[PDB]
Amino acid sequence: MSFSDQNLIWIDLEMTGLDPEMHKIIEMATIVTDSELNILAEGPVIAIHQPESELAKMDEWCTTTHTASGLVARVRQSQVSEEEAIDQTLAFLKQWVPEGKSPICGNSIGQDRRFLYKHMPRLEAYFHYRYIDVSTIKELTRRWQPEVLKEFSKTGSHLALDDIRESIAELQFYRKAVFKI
């Protein structure tokens, strides 16, 4: 419909930890916005099954966070593998954005990309090599006019779709608060 090589692909992952070589993806969510950040479509929100041996690598922060959110129960009950999650996500993205055109968009999105390179390279390849990291703007704003940041707050639930919605909201806030274009 609104298919455009200017559209942006937003992605957030939840993982069993911070190390792509040791840990696994347990949730993924995608959103497509147009170039002006209007949300066009939300993609699959997928809890990815992992065995107990992989959930058992989670430290206290990860265990308590993902248990309290309900994600661990969803992971245990899920019948979706990484490969199937890639397939669902690509089938969604191909309807909205051409391959290789959108930077990867989110907060500290380089971390998600590391997990995509390791565990979902077919999906990593769908992105342009660049990064749209909303936290770049967060960090520059903290240094250049930190009182701006008290006008915006996040819930931070570590439910992947809600968190990527907050990433988009953060950039929308910066568009009005710190940009003049």
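We number the residues from 1 along the sequence you see.
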**Message:** Which is higher on mean Cα B factor in this entry, 150-158 or 45-53?
**Reply:** 150-158
**Mean temperature factor over C-alpha atoms, higher-scoring stretch between 167-175 and 9-17** = 167-175
**Per the PDB entry, maximal CA B factor within 124, 133, 36, 59** = 36
**Message:** If I read the C-alpha B-factors straight from the PDB entry, which of 142, 119, 66, 128 is highest?
**Reply:** 142
**Request:** Within this chain's modelled residues, let me know which third the CA B factor of residue 95 belongs to: lowest, middle or highest.
**Result:** highest
**Asked** By the record's CA B-factor, is residue 73 among the lowest, middle or highest third of residues in the chain?
**Response** highest
**Chain-wide C-alpha B factor ranking for residue 111, given as lowest, middle or highest third** = lowest
